[PDB]
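8 protein chains.
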Amino acid sequence: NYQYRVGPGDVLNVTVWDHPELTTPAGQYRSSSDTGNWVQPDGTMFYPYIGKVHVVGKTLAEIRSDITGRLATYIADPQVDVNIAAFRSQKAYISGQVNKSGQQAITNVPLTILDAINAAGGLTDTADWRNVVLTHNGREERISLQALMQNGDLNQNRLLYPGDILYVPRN
Amino acid sequence: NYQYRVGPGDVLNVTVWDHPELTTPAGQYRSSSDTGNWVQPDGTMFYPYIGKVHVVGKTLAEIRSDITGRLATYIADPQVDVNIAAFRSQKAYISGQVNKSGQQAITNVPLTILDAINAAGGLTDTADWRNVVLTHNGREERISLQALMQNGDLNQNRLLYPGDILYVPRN
Amino acid sequence: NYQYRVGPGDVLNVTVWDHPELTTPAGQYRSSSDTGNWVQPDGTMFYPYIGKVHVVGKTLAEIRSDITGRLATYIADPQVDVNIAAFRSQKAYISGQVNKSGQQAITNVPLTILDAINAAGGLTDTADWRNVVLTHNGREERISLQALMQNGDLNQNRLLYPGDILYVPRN
Amino acid sequence: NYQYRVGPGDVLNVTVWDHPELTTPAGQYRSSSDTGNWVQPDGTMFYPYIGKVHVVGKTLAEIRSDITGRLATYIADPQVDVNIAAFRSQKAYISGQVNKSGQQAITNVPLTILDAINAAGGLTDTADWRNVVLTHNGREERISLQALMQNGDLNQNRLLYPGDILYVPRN
Amino acid sequence: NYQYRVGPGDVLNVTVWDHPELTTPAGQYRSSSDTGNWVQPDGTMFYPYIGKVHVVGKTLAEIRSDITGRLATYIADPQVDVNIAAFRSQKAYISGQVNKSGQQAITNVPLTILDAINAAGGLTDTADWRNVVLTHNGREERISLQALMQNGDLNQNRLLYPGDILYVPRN
Amino acid sequence: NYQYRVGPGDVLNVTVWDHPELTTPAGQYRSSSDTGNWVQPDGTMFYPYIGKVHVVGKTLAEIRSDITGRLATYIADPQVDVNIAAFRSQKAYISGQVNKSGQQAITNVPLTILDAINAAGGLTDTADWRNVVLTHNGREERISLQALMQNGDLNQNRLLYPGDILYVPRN
Amino acid sequence: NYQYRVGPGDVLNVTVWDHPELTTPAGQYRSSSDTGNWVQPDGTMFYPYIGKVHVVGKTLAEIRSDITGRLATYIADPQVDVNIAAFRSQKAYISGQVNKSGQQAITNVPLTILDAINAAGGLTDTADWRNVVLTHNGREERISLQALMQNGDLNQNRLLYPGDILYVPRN
Amino acid sequence: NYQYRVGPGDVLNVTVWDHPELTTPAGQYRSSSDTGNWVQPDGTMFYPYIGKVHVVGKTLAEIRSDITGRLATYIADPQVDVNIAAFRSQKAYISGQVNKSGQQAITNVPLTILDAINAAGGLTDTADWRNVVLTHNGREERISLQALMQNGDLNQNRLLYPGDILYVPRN
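Residue numbers (the numbering used here), protein chains in the order written: chain A, 1 to 171; chain B, 1 to 171; chain C, 1 to 171; chain D, 1 to 171; chain E, 1 to 171; chain F, 1 to 171; chain G, 1 to 171; chain H, 1 to 171.
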């Protein structure tokens, strides 16, 4: 049921089969992030011929439906897919007694507390890991990573959301 | 017995021989994971002409047969293969007294405890390596790596599955 | 509310669909910042056919509308988008007790204190992290990062602007 | 007499001279491992026109014979060779008092104990190197690397096989 | 009002839209610095058809005006822009108690004292940072970086010029 | 006197001038070892049109003459050269008190003790460098590197052969 | 006053506009130093059609005029420029108490003592930096770097020439 | 007067203007060392159409003369140059109290003792640098690097030759 939704600053990548002039307007060498479609602060992106596409708050399939229908005015029965070349809009903050603290992007793949620990290089040996602070939507909560690995208990793990702060205090 | 099954977030790579417009819509320079077909949360990926293809829970051979049969409506006798450009959906967590703790992808190649330990940069000197905790499907066991390398004992080794947690405690 | 506005020294990337002679005058291999359009000190960049375009103080959508309308004199119904290949004009300075002190670009994505700290390799152990100095428009405040990660407090966090200095003193 | 045999998960690379549409269906830039033919768990790979090719347990020349004959139905007198782009199926495990322990792939080139030491960064100074444990096919054996280099004696060296574990105990 | 002016040794990059034989005479792969126009010691560069172009002391727009007018003899209504591929002519020297001392190029983007600190890896902890020496045009001056970050005072910061030496003495 | 002879596992690179379909069947981007012709355990490599070519025990000039003569049946006066893209078959083992111990390939260029020591990152400070053990064809000698660098003595230096072990003991 | 003059071993890069067969005989991917024209010990380089060109002791503008005039016999009004892909012929030696001692190329850009010191990773803490030895044309001087960075003194700085040795002694 | 002469194992690079089928038989992407002409132990290389070219003992211009004349039988007035893509045949050995000891290739650029020190990372502080051993053609000699930099005396520096050993003893 986990569904990512595009936010401002994301870079989207639109594939139009049989139309490399649309899929790769700047050639095949540059990465999709360096050639993709920037989402503007008002939530729209420009796509050729169809104009502005409202994409903030929408899923990839919903954007796909939107773009495919409007491109049919200019392209015969267009075959289009949409994904994100750069997840720049949404992010969680993992700080404290993890090896490599910092921001972690919210993407189409779910980011749980456990998932976030690893991308942060893992806990340090002075981590108060039975006592981790999760701040979600102005609420606070205490999390125990010790029981997640010693007892395999998933009832302490949580899914991370845009803006969440995960703080591992020193001991 | 072991077979990988596609999950949401995986990036698939579809090769259609004699059809570079299908195999490489964005050109041939970018990597297959930067141009491949994302698997959506509903378990489908979009493919041109044939539309949405349900790939979650299916094997690569099954997806290939599915895509090949439906693509035959648009291409005469299509020659298709499918593999995975990015294993993003399923994963096991290796933590504790290994030199490189963290997240390890579940792929088409089997991943055993011995594979995961070796892939984690090896054990540390302070690893309780006769007493490793494996959490699988909400049920913990005790695993002894010592006997696996000193006594040739495979009967403590295990194949790892999605969601599994392998914890190597200190001593 | 937040919107980036182009400044002198920025390198812009203009995509004109169906016109690779405009999108990639130097070919498709070099990066967009190594081939993009420099913004001159008078606030203009040169664009072919239409000449000098005033871009400083304008948003990307406004520059796009400007270029599209003037390019229509030379191209029938031109499909144009503009983004930034290099954010060279505006910047905030993060110094003091962070692991990576220095210069951080102001871009189309908002940069908050929490973003800048996380982007600076994190605080150090000797950071006076309840007493961080923010200089904005010639007026200093006191900022407490401690409460932001221990108490969920966003009311001390701030969005950073061009010229801002964030100083994290020792303790 | 040493002969490698393909296993599941290997990635094979098929060269068909005069037919780049077969040799490089995804272009010339991506590596052969990222464009090659995956061996499925049932031991088969897909090859265009001829269908499924049973390759597990077979040598490269035997696969070459198989593919060449069947491609003759679709290609005039095909000139085909086959090699492995990725040795993913078979592996030996070298752990203990070697500098860089871990898995080493079994390939078409013989891997002896001495060959395996080097890819593992060599022995450490605390290696009980006169007393190395080799586990092969459920048998154990003691190996002396000291005599291999001090006395040049090859009667302690051994050829490593899929699944073998080579453990160098601390002293 | 800050304006860079080309000096000898700079490498310039001239873009002539619709004329890749002029923009990329050595192809699209090599960087603009490795294919650009060297400014000779007498202040001139060679450009095809028009001959020698006096560029030292001139701004980019002024060089653009010069080249565009003369190319009109050989190219219909040429659309030309000019930027610098390599800033090799002008430089400031930052030495002393900065982490990474050395030369910093003078470019089209203003380089202030504060800007120069960061590219030098920041100050060291033994920097006499309230007592920094700036040598500009044979004059000396004392600069306090402490007040720039503690009090946000820009009245100590300075713009750096070609040949300037910024020395941060040990304490 | 010294000449390399091809062994099983070597990857050969065959250049046929005016025939890029033969020289580069997989394109021109991939390296020659990633596209070259593998030498099989029976000592043959496959080459198009002419079939299997016996290359083990033969020199590059001999393989060239062999391939050229047989290729003349299919190509008028073929211009062919052969070299080695990967030296995988033959090798000497350098271990003990060198900064980089391990495996060193036997190639078309002679490899002497002095070459191998220098290629191994140099001796260590605790090397018994007047008493180095060379094992060649099942017969050990004593070698003094000290005299080679202090006394100009080449009469202790040796050319290394496949299977040779060079052991530098501690002191 | 300063002008570089070509020496033996330099690699020159000749651009002939509208003639990629001359500019890039080996294609456009390889670097200009890997494809450029070597200067032979007799002081000449070979150039197509016109044969050997004497380039040693001549400036780039002089070589350009020479090549352009002689190439006009084979090409109508040739547009030619020449620069240096590799500065291999002339060099100054920086040794002693600098963090990166060694060899520094003499190029078209002037190299002063202050340039060479900054390019050498900076002085060390034990450098006798008021007493640096410059050997030029067989005549040593004493140079004080201290006054150059503390007192704004350029009258101790020097331009370095081929063969010069700059020695920074300890203290 | 310093002249390099080709030896066995060198890789030569032959440029034939207007004939990319000769200059780049394997395409433009691979380096000249990976596509060049190997010199065989008998001193010859193969070049298309003309056959074997005796190159050992010859200079580049002499090889150029040889190849150019014989290619005229097959190519109208061929424009040919020759350089070395890989200096593999001749080498000097620098060991002892230099930072990075090892082999240094003898090339077309003269390698003096001073030149060899730098490529070796410079001397260590325990170098008996007033007492360096040079072994040249079975003769020994003592060299003082101290006087080369302290007194600028070139009468101790020497040109290094193939096979020379330069040993810097510990003190």
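We put the beta carbon where it would ideally sit given N, CA and C, even for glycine.
When the Cβ atoms of the stretch 155-167 of chain G are set against those of the stretch 14-22 of chain H, are three or more pairs found closer than 8 Å?
no
What does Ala61/A touch in chain B if you count any residue whose Cβ is under 7 Å from its own?
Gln40
Sort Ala120/G, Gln97/G and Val98/G by Cα distance to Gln104/G and report the nearest one.
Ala120/G
Count the other CB atoms, across all protein chains shown, that sit within 10 Å of the CB of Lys100/C; report buried if there are 16 or more and exposed otherwise.
exposed
Cα separation between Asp66/F and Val53/F?
8 Å
Which residues of chain D have a Cβ atom closer than 8 Å to the Cβ of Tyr2/B, listed in chain order?
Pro41
Is the distance from the Cβ of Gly152/G to the Cβ of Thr135/E below 8 Å?
yes
Inter-residue Cα distance where the pair is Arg142/A and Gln97/A:
15 Å
So if I threshold CB-CB distances at 7 Å, which residues from the stretch 81-95 of chain D count as touching chain F?
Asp81 and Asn83
So is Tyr29/F in contact with chain D if we call contact Cβ pairs under 8 Å?
yes
Which of helix, strand or coil does DSSP assign to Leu154/G?
coil
By the criterion of Cβ-Cβ separation under 7 Å, what are the contact partners of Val14/G in chain E?
By Cβ distance, chain E contributes nothing, its closest Cβ being about 10 Å from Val14/G, past 7 Å.
Bridge-paired residues (DSSP) for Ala92/D:
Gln104/D
Might you give, ordered along the chain, the residues of its own chain that have their beta carbon closer than 6 Å to the beta carbon of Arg88/B, omitting 5 neighbours on each side?
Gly9 and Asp10
Would you kindly report the start and end of the unbroken beta strand (DSSP E) that includes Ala85/C?
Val80 to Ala86
Chain E beta carbons: is any one of them nearer than 8 Å to that of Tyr49/C?
yes
Check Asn118/E in the structure and name its three-state DSSP category.
helix
Provide the residue span of the beta strand (DSSP E) that contains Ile63/E, from first to last.
Segment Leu60 to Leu71 is the alpha helix (DSSP H) holding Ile63/E; no beta strand (DSSP E) there.
Residues of chain H with CB under 7 Å from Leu111/F, in chain order?
Under the 7 Å cutoff, chain H gives no residues; its nearest Cβ is about 11 Å from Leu111/F.
How about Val55/A: is its C-beta nearer than 8 Å to some C-beta of chain C?
no
Using a Cβ-Cβ cut-off of 8 Å, state whether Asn118/A counts as contacting chain B.
yes
Under the assumption that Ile63/E contacts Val132/E (Cβ atoms under 8 Å), give the Cβ distance between them as a whole number of angstroms.
Incorrect: roughly 36 Å between the Cβ atoms, too far for contact.
When the Cα of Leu60/C is compared with those of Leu71/A, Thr44/A and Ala116/A, which residue comes out closest?
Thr44/A
Can you pull the chain E neighbours of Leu22/C, defined as C-beta to C-beta under 8 Å?
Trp17
What residues from the stretch 138-153 of chain B come within 7 Å of chain A, judged by C-beta to C-beta, listed N to C?
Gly138 and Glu140
8 Å Cβ cut-off: residues of chain A touching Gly122/C
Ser95, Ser101 and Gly102
So, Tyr29/C versus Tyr49/C, is the Cβ gap smaller than 8 Å?
no
Report the residue from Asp128/F, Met149/F, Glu140/F and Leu145/F whose alpha carbon sits nearest the alpha carbon of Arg170/F.
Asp128/F
8 Å Cβ cutoff met for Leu145/F and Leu166/F
no
What in chain B is Cβ-close to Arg170/A, meaning under 7 Å?
Near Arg170/A there are no residues of chain B at all, since even the closest Cβ is about 18 Å away, more than 7 Å.
What residues in its chain sit with their C-beta under 6 Å from that of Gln3/B, if we drop five residues either side in the sequence?
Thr59
Using a C-beta to C-beta distance shorter than 9 Å, which residues of chain A count as neighbours of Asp115/B?
Going along chain A, no residue has its Cβ under 9 Å from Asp115/B, so there is no contact; the nearest lies around 17 Å.
Which of helix, strand or coil DSSP assigns to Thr124/A
coil
Secondary structure at residue 178/D, three-state DSSP: helix, strand or coil?
One cannot answer for residue 178/D here, as it falls past the ends of chain D, which runs 1 to 171.
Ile143/C - DSSP class collapsed to helix/strand/coil:
strand
Rounded Cβ spacing between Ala92/E and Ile106/E (contact assumed at less than 8 Å):
6 Å
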